[PDB]
Amino acid sequence: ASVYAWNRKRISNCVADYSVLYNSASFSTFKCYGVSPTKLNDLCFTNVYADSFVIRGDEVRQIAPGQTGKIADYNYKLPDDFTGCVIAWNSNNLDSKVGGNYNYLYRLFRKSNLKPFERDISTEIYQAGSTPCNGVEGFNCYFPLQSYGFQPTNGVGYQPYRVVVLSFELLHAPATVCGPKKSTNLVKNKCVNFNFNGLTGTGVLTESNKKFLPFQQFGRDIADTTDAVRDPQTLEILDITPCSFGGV
Amino acid sequence: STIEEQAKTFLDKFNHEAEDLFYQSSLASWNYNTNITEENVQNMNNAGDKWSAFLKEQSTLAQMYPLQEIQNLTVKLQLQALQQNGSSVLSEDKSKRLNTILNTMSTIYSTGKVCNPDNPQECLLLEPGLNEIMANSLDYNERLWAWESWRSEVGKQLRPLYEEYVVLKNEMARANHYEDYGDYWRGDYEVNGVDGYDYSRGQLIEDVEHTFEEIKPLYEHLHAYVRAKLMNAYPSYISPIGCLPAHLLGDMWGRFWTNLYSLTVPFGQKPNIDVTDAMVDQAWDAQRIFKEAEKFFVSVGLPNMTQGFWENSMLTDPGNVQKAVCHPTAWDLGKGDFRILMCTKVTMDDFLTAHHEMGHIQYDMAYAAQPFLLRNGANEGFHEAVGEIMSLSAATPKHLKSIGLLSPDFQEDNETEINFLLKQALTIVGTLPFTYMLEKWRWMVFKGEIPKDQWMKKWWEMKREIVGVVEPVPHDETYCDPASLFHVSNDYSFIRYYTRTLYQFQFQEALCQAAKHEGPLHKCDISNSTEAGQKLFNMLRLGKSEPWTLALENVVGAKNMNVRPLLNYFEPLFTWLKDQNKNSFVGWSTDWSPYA
Ligand SMILES: *[C@@H]1O[C@H](CO)[C@@H](O)[C@H](O)[C@H]1NC(C)=O
Ligand SMILES: *[C@@H]1O[C@H](CO)[C@@H](O)[C@H](O)[C@H]1NC(C)=O
Ligand SMILES: *[C@@H]1O[C@H](CO)[C@@H](O)[C@H](O)[C@H]1NC(C)=O
Ligand SMILES: *[C@@H]1O[C@H](CO)[C@@H](O)[C@H](O)[C@H]1NC(C)=O
Ligand SMILES: *[C@@H]1O[C@H](CO)[C@@H](O)[C@H](O)[C@H]1NC(C)=O
Ligand SMILES: *[C@@H]1O[C@H](CO)[C@@H](O)[C@H](O)[C@H]1NC(C)=O
Ligand SMILES: *[C@@H]1O[C@H](CO)[C@@H](O)[C@H](O)[C@H]1NC(C)=O
């Protein structure tokens with residue numbers, strides 16, 4: 001979509017992988033603000049609303065927290081210290097054509113600065129003078145709407161880079177989705193610590209003759225003693241019991 | 001509800017609308033100059049007419065803004081350039097004489113004819129036929145015929161055409177409430193509205209004329225030196241008591257004396273600074289020529305060229321069927337598209353032209369942060385002199401010996417540098433009086449205080465006085481040989497070449513003081529100094545957004561056009577010329593001796 005008609009789609013109930021972005025070897029503005037790109041994988045907040053729009057190469061600097069300008073003030077304003085990341089890449093091979101790609105529009109004028117995280121969709125014309133315009137172009141109408149023009153011969157500083165904006169904030173909505181956690185390797189016959197999804201403990205593997213039910217994550221036997229778990233990785237049952245101990 | 005906020009709204013609308021139309025007109029003009037077909041001519045005139053008509057509509061809308069209350073200078077310069085009516089003041093029956101006459105001038109000049117009268121064997125066009133007979137041959141008889149082969153066969157049919165051009169362009173000044181058309185061209189240098197910084201339109205004629213009384217004594221000694229190695233080849237064949245023929249000064253107009261170097265070499269026993277034989281042993285090509293030029297600039301501190309130029313522009317002469325002209329010109333298509341249009345050759349001139357035409361491209365992106373209406377030079381002399389100061393630096397011996405073109409054992413005595421500096425003086429200093437006289441001639445005839453019967457007797461009497469040339473044949477008033485030049489016929493201001501020299505040496509002294517060079521200006525270098533590169537790019541990037549009279553005060557502190565920091569470059573040359581002319585007859589009076 002265009003800059004003035006940026007969409008906002010929430011990503012939730014599924015795991016979002018940011019590792020593939022690091023080795024994509026295609027982005028040119030892989031910059032993160034307010035958080036390191038690596039450390040936001042394991043931990044993250046909800047409200048993963050993604051904003052997608054088209055920004056010209058020279059207009060990249062305009063789109064940044066605490067930075068004002070033309071696009072940042074009349075099309076989409078990023079709040080200062082915005083906790084998010086911006087990833088941009090060249091789109092000349094697809095978002096360009098000979099003679100100008102007249103498909104992305106933007107707002108050139110506005111009476112007041114845009115509120116951060118606001119989408120402006122209106123046909124209202126700029127009113128700098130006192131006499132309004134009745135639909136006929138004159139000396140004070142100045143139709144703000146204009147069409148971007150991108151060509152394959154555009155300079156590197158003017159190339160249209162396809163960029164998206166990710167927002168991260170913690171609201172009352174629970175059950176946020178973050179990056180996946182790498183699984184360790186199996187270890188057999190050793191008093192080893194284990195930390196499953198929610199619970200952790202120490203013990204060793206020992207043979208058992210009793211099968212556990214398949215619709216429980218963990219179980220206990222006596223005196224709130226958790227001694228049974230069910231790995232969901234492959235549903236392969238493994239027996240875990242506290243390892244031997246005693247006095248000398 | 002303020003006029004200040006109303007101008008920024010209008011220029012923001014024009015900048016995005018015009019840059020879409022300008023990129024279509026520049027792209028259409030580029031394909032016409034590379035691939036000529038029958039359909040490509042109709043495609044270019046269709047896009048070019050609606051682009052020219054768009055500026056006609058925007059100039060009328062900006063007219064209703066009053067100019068007496070805009071204290072901001074950035075938008076004042078934009079509104080002054082946008083409100084130039086141009087051809088809109090003329091009526092429809094008079095505006096049709098512009099496009100009709102100007103297209104007739106280009107087609108008439110494009111007719112090549114060297115077939116001999118009463119001897120019709122064959123004749124080819126101008127470029128392969130006319131240029132070889134003036135630049136290579138050394139025979140007096142046919143060149144005297146060749147002098148009359150163009151000023152009596154081409155200029156005779158311009159007398160009714162050029163006079164119609166100079167009687168309607170002169171009328172625009174009364175329609176624009178100016179004095180004359182010569183004063184209209186001085187409006188680009190005119191600055192008003194600033195206290196103590198005002199530049200009158202009429203003060204420039206006096207200041208230019210006041211600076212000409214020190215150019216003359218330099219040109220007196222320059223002409224005296226060059227006359228001693230030419231009278232050697234013709235002792236008793238030309239008399240050494242009068243002036244020189246017009247058809248023996250290198251070119252048709254005698255502007256550049258480069259072709260007299262083979263005839264007038266000072267000391268040909270030692271080899272010249274020539275590396276044409278040096279590049280062919282290592283098999284140098286067009287690609288390796290421009291790569292070492294690029295790494296010279298990035299060592300200074302300027303940004304390198306973008307990736308959308310090497311795979312997009314053309315470098316050599318492509319194909320065999322494409323007979324498109326490749327005159328060295330700089331292309332600014334807009335929207336980040338920049339091209340160089342020339343045919344490369346392994347010659348002296350094309351290697352220097354490769355340096356000359358790339359500098360305009362490097363200047364165009366420098367003021368890329370400026371708005372579109374201010375995306376230009378400060379005046380017409382800035383964009384030409386900036387592209388030539390790096391030509392002086394590339395000619396230095398450390399850079400020629402740095403790449404490996406020159407021999408590793410090349411001594412640097414007295415005579416290897418006096419020969420180079422005086423040859424540069426003939427192509428730079430020698431062209432200053434020719435540039436000043438022609439623009440001085442055009443101003444009074446545009447002013448109108450020259451009758452019809454006094455064109456030739458005043459034009460010829462100053463060529464004999466200032467330049468010092470005796471006419472090889474008398475010419476009456478029906479000839480129109482001053483209108484044959486490229487710039488005068490196509491409405492080009494020739495004053496941008498006089499201010500080119502005075503600008504390209506103001507920057508040299510300013511940058512050498514920034515680099516803290518210990519020595520004179522002839523041995524000074526600009527390279528290997530990132531402090532001077534940031535100093536220049538700070539001054540290159542202003543463009544037309546600031547007045548040019550403020551641009552001088554930002555570097556030298558003198559608001560006028562100073563001539564003193566140009567003689568200091570040639571003090572080693574001037575003191576030798578003063579000693580060499582102790583006995584020669586320096587200074588000519590009026591001379592009717594040969595053709596009384
Ligand atoms: C998830 O469980 C399925 C069940 O067979 C298994 O095939 C798959 O490999 C498991 N995922 C991983 C990452 O091992
Ligand atoms: C180049 O010119 C030739 C003839 O002059 C024409 O046939 C050809 O189509 C042109 N190429 C393009 C890309 O227009
Ligand atoms: C003057 O106009 C320029 C327009 O480029 C603007 O940037 C600057 O802020 C203005 N200054 C004042 C004092 O109005
Ligand atoms: C330009 O032309 C308009 C009418 O077309 C006129 O009102 C205006 O005064 C002219 N301006 C100049 C500077 O000649
Ligand atoms: C131009 O210079 C920049 C900065 O040193 C560099 O990253 C870039 O690769 C250079 N361009 C080329 C074509 O080498
Ligand atoms: C110095 O200049 C003179 C010219 O008068 C020349 O003869 C001499 O060779 C030069 N010096 C050297 C070392 O060549
Ligand atoms: C200037 O820079 C060039 C870079 O190639 C270097 O070769 C040369 O030695 C330098 N000269 C001086 C005097 O620093």
# chains A, B, ... in the order shown; residues from 1 in each chain; ligands from 1
$ interface_residues --of "chain A" --to "chain B" --cutoff "10 Å" --atoms "only C-alpha atoms" --output "ChimeraX atom specification"
/A:58,99-100,108-109,126-130,138-159
$ residues_around --residues "residue 217 (chain B)" --least-positions-apart "5" --cutoff "10 Å" --atoms "only C-alpha atoms" --output "list in words"
residues 212, 222, 586 and 587 of chain B
$ atom_distance --atom1 "CA of residue 175 (chain B)" --atom2 "atom 2 (O, counted along the ligand's line) of ligand 4"
9.0 Å
$ residues_around --residues "residue 124 (chain B)" --least-positions-apart "6" --cutoff "10 Å" --atoms "only C-alpha atoms" --output "PDB file with N, CA and C atoms, in the first residue's frame"
ATOM      1  N   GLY B 112      26.347  20.946 -45.249  1.00  0.00           N
ATOM      2  CA  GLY B 112      27.760  20.893 -45.576  1.00  0.00           C
ATOM      3  C   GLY B 112      28.015  20.925 -47.070  1.00  0.00           C
ATOM      4  N   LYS B 113      28.880  21.845 -47.491  1.00  0.00           N
ATOM      5  CA  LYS B 113      29.163  22.069 -48.908  1.00  0.00           C
ATOM      6  C   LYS B 113      30.630  22.461 -49.019  1.00  0.00           C
ATOM      7  N   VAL B 114      31.432  21.611 -49.661  1.00  0.00           N
ATOM      8  CA  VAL B 114      32.783  21.992 -50.062  1.00  0.00           C
ATOM      9  C   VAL B 114      33.031  21.690 -51.538  1.00  0.00           C
ATOM     10  N   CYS B 115      31.965  21.598 -52.333  1.00  0.00           N
ATOM     11  CA  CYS B 115      32.136  21.451 -53.773  1.00  0.00           C
ATOM     12  C   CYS B 115      32.631  22.768 -54.360  1.00  0.00           C
ATOM     13  N   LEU B 130      35.167  19.604 -43.614  1.00  0.00           N
ATOM     14  CA  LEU B 130      35.616  20.959 -43.308  1.00  0.00           C
ATOM     15  C   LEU B 130      36.628  20.998 -42.170  1.00  0.00           C
TER      16      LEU B 130
END
$ residues_near_ligand --ligand "ligand 1" --cutoff "7 Å" --atoms "only C-alpha atoms and all ligand atoms" --output "PyMOL selection string"
chain A and resi 232-234
$ residues_around --residues "region 67-82 of chain A" --least-positions-apart "5" --cutoff "9 Å" --atoms "only C-alpha atoms" --output "PDB file with N, CA and C atoms, in the first residue's frame"
ATOM      1  N   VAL A   3       2.046   5.245   1.317  1.00  0.00           N
ATOM      2  CA  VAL A   3       2.492   5.766   2.605  1.00  0.00           C
ATOM      3  C   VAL A   3       1.320   6.355   3.381  1.00  0.00           C
ATOM      4  N   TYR A   4       0.413   7.050   2.694  1.00  0.00           N
ATOM      5  CA  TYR A   4      -0.741   7.646   3.354  1.00  0.00           C
ATOM      6  C   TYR A   4      -1.843   6.637   3.646  1.00  0.00           C
ATOM      7  N   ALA A   5      -1.766   5.435   3.079  1.00  0.00           N
ATOM      8  CA  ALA A   5      -2.735   4.371   3.309  1.00  0.00           C
ATOM      9  C   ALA A   5      -2.049   3.135   3.878  1.00  0.00           C
ATOM     10  N   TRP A   6      -1.090   3.348   4.777  1.00  0.00           N
ATOM     11  CA  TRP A   6      -0.365   2.237   5.376  1.00  0.00           C
ATOM     12  C   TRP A   6      -1.320   1.318   6.127  1.00  0.00           C
ATOM     13  N   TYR A  33      15.734   0.191  16.705  1.00  0.00           N
ATOM     14  CA  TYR A  33      15.738   1.320  17.625  1.00  0.00           C
ATOM     15  C   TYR A  33      15.062   0.915  18.926  1.00  0.00           C
ATOM     16  N   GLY A  34      15.753   1.137  20.042  1.00  0.00           N
ATOM     17  CA  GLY A  34      15.223   0.832  21.352  1.00  0.00           C
ATOM     18  C   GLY A  34      15.395  -0.603  21.801  1.00  0.00           C
ATOM     19  N   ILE A  55       8.816   3.838   0.814  1.00  0.00           N
ATOM     20  CA  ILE A  55       9.609   5.022   1.123  1.00  0.00           C
ATOM     21  C   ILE A  55      10.745   5.114   0.114  1.00  0.00           C
ATOM     22  N   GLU A  59      14.184   9.468   1.192  1.00  0.00           N
ATOM     23  CA  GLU A  59      13.203   9.657   2.252  1.00  0.00           C
ATOM     24  C   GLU A  59      13.399   8.699   3.419  1.00  0.00           C
ATOM     25  N   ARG A  61      15.844   8.628   5.649  1.00  0.00           N
ATOM     26  CA  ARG A  61      16.237   9.367   6.844  1.00  0.00           C
ATOM     27  C   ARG A  61      15.044  10.048   7.499  1.00  0.00           C
ATOM     28  N   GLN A  62      14.049  10.451   6.706  1.00  0.00           N
ATOM     29  CA  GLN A  62      12.872  11.102   7.271  1.00  0.00           C
ATOM     30  C   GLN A  62      12.129  10.170   8.219  1.00  0.00           C
ATOM     31  N   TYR A 106       0.880   9.991  -1.981  1.00  0.00           N
ATOM     32  CA  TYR A 106       1.224  10.490  -0.658  1.00  0.00           C
ATOM     33  C   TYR A 106       0.583  11.854  -0.464  1.00  0.00           C
ATOM     34  N   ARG A 107       0.471  12.254   0.799  1.00  0.00           N
ATOM     35  CA  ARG A 107      -0.053  13.567   1.156  1.00  0.00           C
ATOM     36  C   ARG A 107       1.101  14.561   1.188  1.00  0.00           C
ATOM     37  N   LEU A 108       0.989  15.626   0.396  1.00  0.00           N
ATOM     38  CA  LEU A 108       2.053  16.616   0.299  1.00  0.00           C
ATOM     39  C   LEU A 108       1.880  17.765   1.281  1.00  0.00           C
ATOM     40  N   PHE A 109       0.647  18.061   1.687  1.00  0.00           N
ATOM     41  CA  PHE A 109       0.369  19.158   2.601  1.00  0.00           C
ATOM     42  C   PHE A 109      -0.651  18.712   3.638  1.00  0.00           C
ATOM     43  N   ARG A 110      -0.581  19.331   4.814  1.00  0.00           N
ATOM     44  CA  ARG A 110      -1.568  19.110   5.860  1.00  0.00           C
ATOM     45  C   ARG A 110      -1.603  20.330   6.767  1.00  0.00           C
ATOM     46  N   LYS A 111      -2.795  20.627   7.287  1.00  0.00           N
ATOM     47  CA  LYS A 111      -2.958  21.800   8.140  1.00  0.00           C
ATOM     48  C   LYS A 111      -2.154  21.664   9.427  1.00  0.00           C
ATOM     49  N   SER A 112      -2.151  20.474  10.024  1.00  0.00           N
ATOM     50  CA  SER A 112      -1.477  20.233  11.290  1.00  0.00           C
ATOM     51  C   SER A 112      -0.663  18.950  11.203  1.00  0.00           C
ATOM     52  N   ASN A 113       0.328  18.846  12.086  1.00  0.00           N
ATOM     53  CA  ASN A 113       1.179  17.665  12.119  1.00  0.00           C
ATOM     54  C   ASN A 113       0.361  16.428  12.468  1.00  0.00           C
ATOM     55  N   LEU A 114       0.680  15.316  11.813  1.00  0.00           N
ATOM     56  CA  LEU A 114      -0.041  14.075  12.053  1.00  0.00           C
ATOM     57  C   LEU A 114       0.242  13.542  13.451  1.00  0.00           C
ATOM     58  N   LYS A 115      -0.809  13.077  14.115  1.00  0.00           N
ATOM     59  CA  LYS A 115      -0.637  12.360  15.366  1.00  0.00           C
ATOM     60  C   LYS A 115       0.117  11.057  15.101  1.00  0.00           C
ATOM     61  N   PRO A 116       1.084  10.686  15.944  1.00  0.00           N
ATOM     62  CA  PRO A 116       1.816   9.438  15.696  1.00  0.00           C
ATOM     63  C   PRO A 116       0.878   8.242  15.619  1.00  0.00           C
ATOM     64  N   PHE A 117       1.173   7.341  14.680  1.00  0.00           N
ATOM     65  CA  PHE A 117       0.358   6.151  14.441  1.00  0.00           C
ATOM     66  C   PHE A 117      -1.063   6.534  14.029  1.00  0.00           C
ATOM     67  N   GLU A 118      -1.159   7.403  13.024  1.00  0.00           N
ATOM     68  CA  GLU A 118      -2.434   7.816  12.454  1.00  0.00           C
ATOM     69  C   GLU A 118      -2.374   7.659  10.943  1.00  0.00           C
ATOM     70  N   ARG A 119      -3.433   7.098  10.366  1.00  0.00           N
ATOM     71  CA  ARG A 119      -3.568   6.966   8.922  1.00  0.00           C
ATOM     72  C   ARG A 119      -4.550   8.021   8.429  1.00  0.00           C
ATOM     73  N   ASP A 120      -4.114   8.832   7.470  1.00  0.00           N
ATOM     74  CA  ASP A 120      -4.918   9.924   6.936  1.00  0.00           C
ATOM     75  C   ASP A 120      -5.472   9.517   5.576  1.00  0.00           C
ATOM     76  N   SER A 167       6.078  -2.538  15.488  1.00  0.00           N
ATOM     77  CA  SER A 167       5.821  -1.885  16.763  1.00  0.00           C
ATOM     78  C   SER A 167       5.703  -2.935  17.858  1.00  0.00           C
ATOM     79  N   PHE A 168       6.315  -2.654  19.007  1.00  0.00           N
ATOM     80  CA  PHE A 168       6.313  -3.567  20.147  1.00  0.00           C
ATOM     81  C   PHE A 168       5.923  -2.786  21.395  1.00  0.00           C
TER      82      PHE A 168
END
$ select_by_dssp --residues "region 15-220 of chain A" --states "strand (DSSP E)" --output "JSON, numbers by chain"
{"A": [31, 32, 33, 50, 51, 52, 53, 54, 55, 56, 84, 85, 86, 87, 88, 89, 90, 105, 106, 107, 145, 146, 147, 160, 161, 162, 163, 164, 165, 166, 167, 192, 193, 194, 195, 200, 201, 202, 203, 218, 219, 220]}
$ write_last_selection --atoms "N, CA and C atoms" --output "CSV table (one decimal), in the first residue's frame"
chain,number,residue,atom,x,y,z
A,31,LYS,N,18.0,-1.8,10.6
A,31,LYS,CA,18.3,-1.0,11.8
A,31,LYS,C,17.2,-1.1,12.9
A,32,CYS,N,17.6,-1.3,14.1
A,32,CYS,CA,16.7,-1.5,15.2
A,32,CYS,C,16.8,-0.3,16.2
A,33,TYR,N,15.7,0.2,16.7
A,33,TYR,CA,15.7,1.3,17.6
A,33,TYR,C,15.1,0.9,18.9
A,50,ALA,N,2.1,-4.6,12.3
A,50,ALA,CA,3.1,-4.3,11.3
A,50,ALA,C,2.6,-3.3,10.3
A,51,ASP,N,3.4,-2.2,10.0
A,51,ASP,CA,3.0,-1.2,9.1
A,51,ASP,C,3.8,-1.3,7.9
A,52,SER,N,3.2,-1.4,6.7
A,52,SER,CA,3.8,-1.6,5.4
A,52,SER,C,3.5,-0.4,4.5
A,53,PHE,N,4.6,0.1,3.9
A,53,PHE,CA,4.5,1.3,3.0
A,53,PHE,C,5.7,1.4,2.2
A,54,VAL,N,5.7,2.3,1.3
A,54,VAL,CA,6.8,2.5,0.3
A,54,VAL,C,7.5,3.9,0.7
A,55,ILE,N,8.8,3.8,0.8
A,55,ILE,CA,9.6,5.0,1.1
A,55,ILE,C,10.7,5.1,0.1
A,56,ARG,N,10.9,6.3,-0.4
A,56,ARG,CA,12.0,6.5,-1.4
A,56,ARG,C,13.4,6.5,-0.7
A,84,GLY,N,10.9,-0.2,18.2
A,84,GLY,CA,10.7,-1.0,17.0
A,84,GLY,C,11.9,-1.1,16.1
A,85,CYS,N,11.7,-1.7,15.0
A,85,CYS,CA,12.8,-1.9,14.0
A,85,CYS,C,12.3,-1.6,12.6
A,86,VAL,N,13.2,-1.1,11.8
A,86,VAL,CA,12.9,-0.8,10.4
A,86,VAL,C,13.9,-1.6,9.5
A,87,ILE,N,13.3,-2.3,8.5
A,87,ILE,CA,14.0,-3.1,7.6
A,87,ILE,C,13.6,-2.7,6.2
A,88,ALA,N,14.5,-2.2,5.4
A,88,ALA,CA,14.3,-1.8,4.0
A,88,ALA,C,15.2,-2.5,3.1
A,89,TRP,N,14.7,-2.7,1.9
A,89,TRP,CA,15.5,-3.4,0.8
A,89,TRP,C,15.1,-2.8,-0.5
A,90,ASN,N,16.0,-3.0,-1.5
A,90,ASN,CA,15.7,-2.5,-2.8
A,90,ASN,C,14.6,-3.2,-3.5
A,105,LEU,N,0.9,6.9,-3.9
A,105,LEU,CA,0.6,8.3,-3.7
A,105,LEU,C,0.9,8.7,-2.3
A,106,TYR,N,0.9,10.0,-2.0
A,106,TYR,CA,1.2,10.5,-0.7
A,106,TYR,C,0.6,11.9,-0.5
A,107,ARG,N,0.5,12.3,0.8
A,107,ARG,CA,-0.1,13.6,1.2
A,107,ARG,C,1.1,14.6,1.2
A,145,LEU,N,-2.5,15.9,-3.0
A,145,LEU,CA,-2.2,14.5,-3.5
A,145,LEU,C,-1.3,14.6,-4.7
A,146,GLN,N,-0.3,13.7,-4.7
A,146,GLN,CA,0.7,13.6,-5.7
A,146,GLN,C,1.1,12.2,-5.9
A,147,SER,N,1.5,11.8,-7.1
A,147,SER,CA,1.9,10.4,-7.4
A,147,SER,C,3.4,10.3,-7.5
A,160,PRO,N,13.4,3.4,-4.8
A,160,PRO,CA,12.3,3.1,-3.8
A,160,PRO,C,12.6,1.8,-3.0
A,161,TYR,N,12.9,1.9,-1.7
A,161,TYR,CA,13.2,0.8,-0.9
A,161,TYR,C,11.9,0.3,-0.2
A,162,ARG,N,11.6,-0.9,-0.3
A,162,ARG,CA,10.4,-1.5,0.3
A,162,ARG,C,10.7,-1.8,1.8
A,163,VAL,N,10.0,-1.0,2.7
A,163,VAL,CA,10.3,-1.0,4.1
A,163,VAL,C,9.0,-1.2,4.9
A,164,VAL,N,9.1,-1.9,6.0
A,164,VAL,CA,8.0,-2.1,6.9
A,164,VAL,C,8.5,-1.7,8.3
A,165,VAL,N,7.5,-1.3,9.2
A,165,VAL,CA,7.8,-0.9,10.5
A,165,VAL,C,7.1,-1.8,11.5
A,166,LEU,N,7.8,-2.3,12.5
A,166,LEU,CA,7.3,-3.2,13.5
A,166,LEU,C,7.2,-2.4,14.8
A,167,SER,N,6.1,-2.5,15.5
A,167,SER,CA,5.8,-1.9,16.8
A,167,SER,C,5.7,-2.9,17.9
A,192,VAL,N,20.8,-34.7,35.5
A,192,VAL,CA,21.0,-33.5,34.7
A,192,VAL,C,19.8,-32.6,34.9
A,193,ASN,N,20.0,-31.3,35.0
A,193,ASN,CA,18.9,-30.3,35.1
A,193,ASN,C,18.0,-30.3,33.8
A,194,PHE,N,16.7,-30.1,34.0
A,194,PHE,CA,15.8,-30.0,32.9
A,194,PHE,C,14.9,-28.8,33.2
A,195,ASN,N,14.6,-28.0,32.1
A,195,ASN,CA,13.7,-26.9,32.2
A,195,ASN,C,12.8,-26.9,31.0
A,200,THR,N,10.8,-26.8,35.7
A,200,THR,CA,12.2,-27.2,35.7
A,200,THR,C,12.5,-28.0,36.9
A,201,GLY,N,13.6,-28.8,36.8
A,201,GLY,CA,14.0,-29.7,37.9
A,201,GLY,C,15.3,-30.4,37.5
A,202,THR,N,15.7,-31.2,38.5
A,202,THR,CA,16.9,-32.0,38.3
A,202,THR,C,16.6,-33.5,38.6
A,203,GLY,N,17.2,-34.4,37.8
A,203,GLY,CA,16.9,-35.8,38.0
A,203,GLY,C,17.7,-36.6,36.9
A,218,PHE,N,2.7,-32.2,32.7
A,218,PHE,CA,3.5,-32.7,33.8
A,218,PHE,C,2.6,-33.3,34.8
A,219,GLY,N,3.2,-34.1,35.7
A,219,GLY,CA,2.4,-34.8,36.7
A,219,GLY,C,3.2,-34.9,38.0
A,220,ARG,N,2.5,-35.2,39.1
A,220,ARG,CA,3.1,-35.3,40.4
A,220,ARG,C,2.5,-36.6,41.0
$ residues_near_ligand --ligand "ligand 3" --cutoff "7 Å" --atoms "only C-alpha atoms and all ligand atoms" --output "PDB file with N, CA, C and O atoms, in the first residue's frame"
ATOM      1  N   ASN B  72      12.443  36.907   2.882  1.00  0.00           N
ATOM      2  CA  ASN B  72      13.225  35.691   2.701  1.00  0.00           C
ATOM      3  C   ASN B  72      13.917  35.712   1.345  1.00  0.00           C
ATOM      4  O   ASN B  72      13.297  36.026   0.324  1.00  0.00           O
ATOM      5  N   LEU B  73      15.206  35.372   1.334  1.00  0.00           N
ATOM      6  CA  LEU B  73      15.992  35.413   0.109  1.00  0.00           C
ATOM      7  C   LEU B  73      15.998  34.093  -0.649  1.00  0.00           C
ATOM      8  O   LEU B  73      16.264  34.091  -1.855  1.00  0.00           O
ATOM      9  N   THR B  74      15.713  32.976   0.024  1.00  0.00           N
ATOM     10  CA  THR B  74      15.701  31.690  -0.665  1.00  0.00           C
ATOM     11  C   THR B  74      14.522  31.583  -1.624  1.00  0.00           C
ATOM     12  O   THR B  74      14.667  31.069  -2.739  1.00  0.00           O
ATOM     13  N   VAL B  75      13.349  32.065  -1.211  1.00  0.00           N
ATOM     14  CA  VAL B  75      12.183  32.052  -2.090  1.00  0.00           C
ATOM     15  C   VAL B  75      12.129  33.271  -3.003  1.00  0.00           C
ATOM     16  O   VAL B  75      11.397  33.248  -4.004  1.00  0.00           O
TER      17      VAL B  75
END
$ residues_around --residues "residue 415 (chain B)" --least-positions-apart "5" --cutoff "10 Å" --atoms "only C-alpha atoms" --output "number ranges by chain"
B: 266-267, 270, 420-421
$ write_last_selection --atoms "C-alpha atoms" --output "PDB file, in the first residue's frame"
ATOM      1  CA  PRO B 266      59.568  26.386 -28.689  1.00  0.00           C
ATOM      2  CA  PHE B 267      62.184  23.631 -28.251  1.00  0.00           C
ATOM      3  CA  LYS B 270      63.792  17.411 -26.158  1.00  0.00           C
ATOM      4  CA  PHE B 420      53.658  24.243 -20.501  1.00  0.00           C
ATOM      5  CA  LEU B 421      52.565  27.365 -18.618  1.00  0.00           C
TER       6      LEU B 421
END
$ residues_near_ligand --ligand "ligand 4" --cutoff "9 Å" --atoms "only C-alpha atoms and all ligand atoms" --output "ChimeraX atom specification"
/B:59-60,63-64,83-86,88-89,172-173,175-177
$ closest_residue --among "B:324, B:161, B:361, B:108" --to "ligand 2" --atoms "only C-alpha atoms and all ligand atoms"
B:324
$ residues_around --residues "residue 590 (chain B)" --least-positions-apart "3" --cutoff "10 Å" --atoms "only C-alpha atoms" --output "PDB file with N, CA, C and O atoms, in the first residue's frame"
ATOM      1  N   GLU B 461      37.824  47.996 -37.053  1.00  0.00           N
ATOM      2  CA  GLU B 461      38.820  48.914 -36.516  1.00  0.00           C
ATOM      3  C   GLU B 461      39.234  48.587 -35.087  1.00  0.00           C
ATOM      4  O   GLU B 461      40.301  49.037 -34.655  1.00  0.00           O
ATOM      5  N   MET B 462      38.432  47.822 -34.345  1.00  0.00           N
ATOM      6  CA  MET B 462      38.868  47.362 -33.030  1.00  0.00           C
ATOM      7  C   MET B 462      39.610  46.033 -33.080  1.00  0.00           C
ATOM      8  O   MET B 462      40.430  45.759 -32.194  1.00  0.00           O
ATOM      9  N   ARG B 464      41.768  45.403 -35.447  1.00  0.00           N
ATOM     10  CA  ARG B 464      43.104  45.899 -35.758  1.00  0.00           C
ATOM     11  C   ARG B 464      43.757  46.573 -34.558  1.00  0.00           C
ATOM     12  O   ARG B 464      44.986  46.547 -34.429  1.00  0.00           O
ATOM     13  N   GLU B 465      42.965  47.190 -33.681  1.00  0.00           N
ATOM     14  CA  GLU B 465      43.509  47.926 -32.544  1.00  0.00           C
ATOM     15  C   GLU B 465      43.757  47.012 -31.347  1.00  0.00           C
ATOM     16  O   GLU B 465      44.880  46.938 -30.838  1.00  0.00           O
ATOM     17  N   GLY B 468      44.777  43.167 -33.075  1.00  0.00           N
ATOM     18  CA  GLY B 468      45.893  43.378 -33.978  1.00  0.00           C
ATOM     19  C   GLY B 468      45.917  42.429 -35.159  1.00  0.00           C
ATOM     20  O   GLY B 468      46.882  41.676 -35.331  1.00  0.00           O
ATOM     21  N   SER B 593      49.185  50.331 -43.410  1.00  0.00           N
ATOM     22  CA  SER B 593      50.369  50.149 -44.248  1.00  0.00           C
ATOM     23  C   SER B 593      50.175  49.076 -45.311  1.00  0.00           C
ATOM     24  O   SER B 593      50.455  49.351 -46.491  1.00  0.00           O
TER      25      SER B 593
END
